[PDB]
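Chains A and A' are the protein sequences, given in the same order. A prime marks a further copy of an entry chain.
Here the first sequence is numbered in the entry's author numbering, starting from 1 and rising by one per residue.
Here the second sequence is numbered in the entry's author numbering, starting from 1 and rising by one per residue.
Quick notes on the structure that follows.
2 protein chains.
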Amino acid sequence: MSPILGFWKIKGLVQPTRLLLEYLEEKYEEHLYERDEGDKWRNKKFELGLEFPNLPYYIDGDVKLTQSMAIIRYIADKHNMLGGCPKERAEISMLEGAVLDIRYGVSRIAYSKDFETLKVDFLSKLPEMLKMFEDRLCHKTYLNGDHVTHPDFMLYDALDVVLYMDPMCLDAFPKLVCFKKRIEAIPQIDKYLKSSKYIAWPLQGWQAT
Amino acid sequence: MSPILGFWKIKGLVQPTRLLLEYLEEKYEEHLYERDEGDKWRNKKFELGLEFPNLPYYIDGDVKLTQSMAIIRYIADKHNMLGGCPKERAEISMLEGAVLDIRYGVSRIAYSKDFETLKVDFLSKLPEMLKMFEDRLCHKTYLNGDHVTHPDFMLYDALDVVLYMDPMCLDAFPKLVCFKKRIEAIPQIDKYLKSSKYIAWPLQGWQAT
Ligand SMILES: N[C@H](CCC(=O)N[C@@H](CS)C(=O)NCC(=O)O)C(=O)O
Ligand SMILES: N[C@H](CCC(=O)N[C@@H](CS)C(=O)NCC(=O)O)C(=O)O
């Protein structure tokens, strides 16, 4: 059959994956659970055949995956986009785990209570990470070269997110602010963001702060 | 030259990498910073040539990597151990991101203050993850088959850790308790754990709780 991706109905960690799939004009159906269907899940949580039930999940009829990072890499690997050799592949991973630092850093807090108190403690160190990227896209169109690569989409995420936390963190960093438009300027990505399938909110679990 | 790995002087996220390297009888020198040398770092933090300075780092004279996960995968990829095809590689990733859930879950708290209060909230959900593994090693010697694979070592980590947090979480889960001995029963892994290079404490940043 044609790919079946599932996860809640938000952005969390599936979005980067959404964008990528979309970017490759891939065919896929979505299983979305609401703010109240939190049990509709609890039921099929096993019925599916995942050796590691969790969210999001992906069934290829060729595979049954859990773990968000594993899902996106797969979709990638099925397009040569993972690498060419040890050196390059470990380079995207580096880029990968780099974009992560931001994102996870965004939730290791967002759910807690001292947000307004811990975000400050984050925002102090935020720019030191962001800039690193800046220097990357200085003489490059996308984090790796002329071709795209999932990390590009994963970054487009961290950014869209942070920019709700403080729409100024990117001024000092110009090239990044172009990377965003550059991405949002890919036909594919456009057709999506302007349609119905696009989830504009929330960024995490409805429960979050 | 011969590989050069660096990180603080603890376990954190480098250990799984340590074990693996050791397992492959690889040659490598270690850059270890003490509890007070927290500035000895701050200096070379850039002097090195990492496009994404952070800890741990690895210089192959072929590459300069940051991001712990990227480092271990590399060492792996340089031994066919990463996969064979899309399906299998995304399977180790799944196993990968699975072992992660435990470990990170162990620090998203360990540093905070309500440990003794949040660990309970963790330990309630711990077994639901652990068991998943249990069912994996039921009819297998290691998380993937007869051959080893880095995730095996990453798990041997989560375990050695948790078992300081509550030495009973594994009783109900027998096969895992064998996996531990099974691992600690690899000549290589033995020669290490019983030597000087082995770091027995702490599991995280000295600062931690
Ligand atoms: N580290 C994540 C683990 C998943 C996770 O944290 N999932 C959340 C999304 S906010 C979900 O609620 N999980 C389902 C569950 O707890 O059973 C991954 O690789 O997918
Ligand atoms: N997600 C980690 C990022 C690193 C991290 O959290 N590193 C800690 C180890 S406890 C270190 O202190 N980082 C150095 C720094 O902040 O400059 C990775 O992939 O390596």
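Where a beta carbon is used, it is the ideal one built from N, C-alpha and C, also for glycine.
Using the Cβ count rule (16 or more neighbours within 10 Å means buried), how would you classify A/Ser68?
buried
field: Cβ neighbour criterion (16 or more within 10 Å) applied to A'/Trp8
entry: buried
Would you mind stating whether A/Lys180 and A/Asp166 have Cβ atoms separated by less than 9 Å? Not in contact: A/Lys180 and A/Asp166 (Cβ atoms no closer than 9 Å).
Complete runs of the alpha helix (DSSP H) confined to the stretch 120-149 of chain A' [at least 4 residues]: Annotation: the stretch 120-149 of chain A' contains the following complete segments of the alpha helix (DSSP H) (minimum length 4 residues), in chain order: 126-136.
- Query: By Cβ distance below 7 Å, which residues in the same chain neighbour A'/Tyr156 in space, the five residues on each side in sequence not counted?
  - Reply: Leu19, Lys180 and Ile183
Practice task
Could you tell me which residues DSSP puts in a beta bridge with A'/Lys64?
Solution key: A'/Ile59
In chain A, which residues lie less than 7 Å from A'/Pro86 when you measure between Cβ atoms?
-> Result: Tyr74, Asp77 and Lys78.
*To which residues does DSSP link A'/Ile4 through a beta bridge?*
A'/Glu29 and A'/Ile59
**Prompt:** Less than 9 Å separating the beta-carbons of A/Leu130 and A/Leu65?
**Reply:** For the 9 Å CB-CB criterion, A/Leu130 and A/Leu65 do not form a contact.
| said: Considering Cα atoms alone, identify which of A'/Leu137, A'/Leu24 and A'/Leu193 is closest to A'/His79. | reply: A'/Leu24
Identify the contact partners of A/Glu96 in chain A', using a Cβ-Cβ distance below 9 Å as the criterion. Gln67, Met69 and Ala70
Compare the C-beta of A'/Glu91 with all C-beta atoms of chain A and state if any pair is closer than 9 Å. yes
Problem set entry | Spatial neighbours of A/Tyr111 in its chain, beta-carbon cut-off 6 Å, leaving aside the 5 residues before and after | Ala208
*In terms of alpha-carbon separation, which member of A/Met168, A/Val106, A/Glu88 and A/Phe52 lies closest to A'/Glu134?*
A/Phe52
Among A/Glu22, A/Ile10 and A/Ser124, whose alpha-carbon lies nearest the alpha-carbon of A/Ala76? A/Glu22
Check your understanding: Taking 8 Å as the cut-off, does the CB of A'/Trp206 come closer than this to any heavy atom belonging to ligand 2?
Key -> no
Here's a check: name, in chain order, each residue in its chain whose Cβ is nearer than 7 Å to the Cβ of A'/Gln188, leaving out the five neighbours to either side.
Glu22, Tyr23 and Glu25
Quiz item: Of the residues A'/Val148, A'/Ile109 and A'/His139, which one's Cα is nearest the Cα of A'/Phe122?
Solution: A'/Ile109
### Query
What residues of chain A' sit near A/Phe46, judged by a beta carbon separation below 9 Å?
What A/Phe46 touches in chain A', judged by beta-carbon distance under 9 Å, is nothing: the nearest beta carbon there is about 11 Å away.
message = When you measure from the CB of A/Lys9 to every non-hydrogen atom of ligand 2, does any distance come out below 8 Å?
response = No, ligand 2 has no heavy atom inside 8 Å of this Cβ.
**Prompt:** Just how far apart, CA to CA, sit A/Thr17 and A/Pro3?
**Reply:** Roughly 13 Å between the two C-alpha positions.
9 Å is my cut-off, CB to CB: does A/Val63 come that close to chain A'?
With 9 Å as the cut-off, A/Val63 counts as an interface residue toward chain A'.
Output yes if chain A' places a C-beta closer than 9 Å to the C-beta of A/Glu51; else output no.
-> yes
Would you please verify whether the beta carbon of A/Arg136 is less than 9 Å from any beta carbon of chain A'? yes
- Message: Below 8 Å on C-beta distance, what does A/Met132 contact in chain A'?
- Response: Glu51, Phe52 and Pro53
Does A'/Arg108 come within less than 9 Å of chain A when only Cβ atoms are used?
-> yes
Can the beta-carbon of A'/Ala90 be found closer than 9 Å to that of A/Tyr74? Taking 9 Å as the Cβ cut-off, A'/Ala90 and A/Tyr74 qualify as a contacting pair.
Residue nearest to A/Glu128 in terms of C-alpha spacing, selected from A/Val99, A/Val63, A/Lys191 and A/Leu50: Among A/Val99, A/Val63, A/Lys191 and A/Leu50, the Cα nearest to that of A/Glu128 belongs to A/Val99.
Distance between A/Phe115 and A/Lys125 (C-alpha atoms, nearest Å) = Answer to the nearest angstrom: the Cα atoms are 15 Å apart.
Less than 7 Å between C-beta atoms, sequence neighbours within five positions excluded: which residues of the same chain meet that for A/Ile59? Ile4
Going along the chain, which residues of its own chain have a beta-carbon closer than 8 Å to the beta-carbon of A'/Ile186, five neighbours each way excluded?
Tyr23 and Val148
Residue range of the unbroken alpha helix (DSSP H) whose run includes A'/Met94
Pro86 to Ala110
inquiry  = Taking CB distances under 9 Å as the criterion, tell me whether A/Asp190 reaches chain A'.
reply    = no
Where the alpha helix (DSSP H) through A/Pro174 begins and ends: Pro174 to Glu184
* In three-state terms, what does DSSP make of A'/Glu22? -> Reduced to three states, the DSSP call for A'/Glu22 is helix.
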